[PDB]
Amino acid sequence: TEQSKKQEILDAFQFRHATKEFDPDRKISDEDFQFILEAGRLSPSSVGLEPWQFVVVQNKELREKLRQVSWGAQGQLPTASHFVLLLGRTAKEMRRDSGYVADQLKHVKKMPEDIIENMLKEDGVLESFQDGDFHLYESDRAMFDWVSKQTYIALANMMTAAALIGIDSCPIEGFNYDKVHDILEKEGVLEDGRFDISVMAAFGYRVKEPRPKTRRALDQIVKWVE
Amino acid sequence: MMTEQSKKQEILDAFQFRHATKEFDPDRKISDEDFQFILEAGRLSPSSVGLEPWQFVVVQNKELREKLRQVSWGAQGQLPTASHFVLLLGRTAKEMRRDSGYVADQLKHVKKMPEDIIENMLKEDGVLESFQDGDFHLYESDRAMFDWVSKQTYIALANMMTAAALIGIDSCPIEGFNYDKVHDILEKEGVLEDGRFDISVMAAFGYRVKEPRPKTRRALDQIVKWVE
Ligand SMILES: Cc1cc2nc3c(=O)[nH]c(=O)nc-3n(C[C@H](O)[C@H](O)[C@H](O)COP(=O)(O)O)c2cc1C
Ligand SMILES: Cc1cc2nc3c(=O)[nH]c(=O)nc-3n(C[C@H](O)[C@H](O)[C@H](O)COP(=O)(O)O)c2cc1C
Ligand SMILES: NC(=O)c1cc(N2CC2)c([N+](=O)[O-])cc1[N+](=O)[O-]
Ligand SMILES: NC(=O)c1cc(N2CC2)c([N+](=O)[O-])cc1[N+](=O)[O-]
């Protein structure tokens, strides 16, 4: 039944909540966590450039360094079965003349040469969109925030995938950007400036049943223009 | 054991089913129930501070679709043929501050945040301002604040597409549009509600007409790193 299918999926959306603390002795199995990451990997990205890395931070020392500067993750970092930093490619990786773009489109996407150079010429498709349409050249931040929006697609899907098999999660922005950037830079995670932190994500099994879910009414958030 | 591994396969199949659909079947329409389920996936999406700073605008009007089409080089095929077209709007910067009414009413009446919490949350140099200004540098400009809001709308966009694909419905996320012209069109149309909203990203839904090329993604060991 497609109606029972829809109910099941909506049950997962209700099940998923912002888990603040997980069961410290229950670990997501490796197959299950690979399924979660694959939901991330299969995510769509603007221009198909996949401007992200998923860093699985199981090392306890590093978790604790992050906990110290992440006032939104106080419960999640120590107790998560798996903890993920979602990195975005940095602004220098994303221009028409960046190696990463060129390699991504040629060797991953198998874009034919004639298409590539239409895409990456001066005032090509990529620049016409990045600069003219979306103003991503105004600052490195503007470029990176656009990258980071891509990463939130991967974040939702990983969270939704987990919930659909009954695994809890919590998206996490509650960190000091400067201090986290510095921590990861020093440790080599940002890879000589190819990456920067976008958002974090914890996964595991709930300890308590959550309070009921609250959302604005469909009537408030949906406008139709017939 | 094998049944759970099969449920995971069903899910992955939906993620493989979903693709950037360039053109839809203009006769096959998404049922009203099914599209309301898609929208529910958006509504139920998580958001920073649970502020749900979005509005979903379903643009079925042919005239408006075509006005948008004239300025959206990425949507040439999708806009005329989509069963449903959605503009994801984000709240603007002045809506998102600790003493904005949108924020105050959202947390007080939708989230039902109790009084001592909401006081710590919205007070000066309270939790919200310390996060917005100290941690994420969102006071630096209206765009920084809006792009943060806009990131949240991409959670709702992702869940809408995945939900659609789980029941066999195609989608296409769309950034290929001129912000300025699209902004002005939506202003003149009154869609942005006197500057409370601005355009974030758009999404088309419907039924494919062509089968897609094989999906390509970077290798798992290219996009995943473990720090054990
Ligand atoms: C991008 C993002 C960042 C978030 N940051 C945090 C965080 O740092 N710590 C936390 O406990 N919850 C965080 N949340 C959880 C929200 O408060 C929560 O999703 C919202 O209140 C809705 O409740 P629900 O997720 O249970 O439906 C975040 C949510 C999102 C989408
Ligand atoms: C945020 C976003 C915006 C996009 N913009 C457009 C667009 O304007 N027009 C279009 O045809 N495709 C667009 N795409 C589709 C991407 O090219 C596509 O998702 C990517 O190449 C991966 O291919 P797949 O989704 O077919 O797996 C967009 C995708 C995302 C995530
Ligand atoms: N009109 C286009 O050629 C276009 C534009 C965009 N958006 C970036 C401007 C995207 N895309 O976002 O994936 C993809 C395409 N494309 O068809 O490969
Ligand atoms: N440390 C917190 O109190 C905190 C921080 C954040 N992030 C914004 C800083 C979020 N949240 O993002 O939802 C939620 C909370 N919270 O527990 O209600």
query = With each label point set 7 Å from Cα along the Cα-Cβ vector, what nm distance links residue A:177 and residue B:220?
reply = 3.3
query = Across peptide B:212-218, what mean number of C-beta atoms from other chains lies inside 10 Å of a residue's C-beta?
reply = 5
By average C-beta atoms within 10 angstrom, highest first, the peptides A:116-126, B:155-165 = B:155-165, A:116-126
Net dipole in debye of region B:29-162 [+1 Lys, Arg Cβ; -1 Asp, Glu Cβ; about Cα centre; nearest 20] = 640
task = Any chance you could give the angle, 0 to 90 degrees and rounded to 10, that helix A:30-41 forms with the longest Cα principal axis of chain A?
result = 40
note = The size of the Cβ-based charge dipole (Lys, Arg +1; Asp, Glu -1) of chain B about the Cα centre, to the nearest 20 debye, is 960
task = Work out the mean other chain Cβ neighbour count within 10 Å for the residues of A:134-147 and drop it here as an integer.
result = 3
ask   = With each label point set 7 Å from Cα along the Cα-Cβ vector, what nm distance links residue A:7 and residue B:115?
value = 4.2
request  = Can you tell me the 0 to 90 degree angle between the C-alpha axis of helix B:142-166 and the longest principal axis of chain B, rounded to 10?
outcome  = 40
Chain B: angle of helix B:179-188 to the longest principal axis, Cα-based, in degrees nearest 10 = 80
task = Please give the calculated 222 nm ellipticity per residue for chain B, where each DSSP H segment of at least 4 residues contributes -39500 (n - 2.57) and the sum is spread over every residue; nearest 500 deg cm²/dmol?
result = -12000 deg cm²/dmol
key: Net charge contributed by nearby residues that have their C-beta within less than 13 Å of residue A:9 (K/R +1, D/E -1)   = -2
ask   = Taking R0 as 30 Å, what's the FRET efficiency between residue B:61 and residue B:33 from their Cβ-Cβ distance, rounded to 0.05?
value = 0.85
message = Using a 7 Å offset from Cα along Cα-Cβ at residue B:213, what residues in region B:155-183 end up with backbone N under 18 Å from the label point?
response = B:172-173
ask   = Roughly how many whole Å is it from the C-alpha centroid of region B:77-139 to that of region A:39-78?
value = 23
remark   = With the dipole of chain A defined by +1 on each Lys or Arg Cβ and -1 on each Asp or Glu Cβ, the option from A:180, A:17, A:129 whose Cα lies farthest towards the positive pole is A:17
remark   = Expressed as a percent, the portion of alpha-carbon pairs in region B:1-131 spaced more than 26 Å apart is 48
query = Remind me, relative contact order of region A:20-104 in percent, using alpha carbon pairs under 8 angstrom and six or more residues apart?
reply = 38
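Note: ideal-geometry Cβ built from the backbone for every residue, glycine included; neighbour counts use all protein chains shown. A short reminder: the numbers here are calculations on the coordinates, not readings from a lab.
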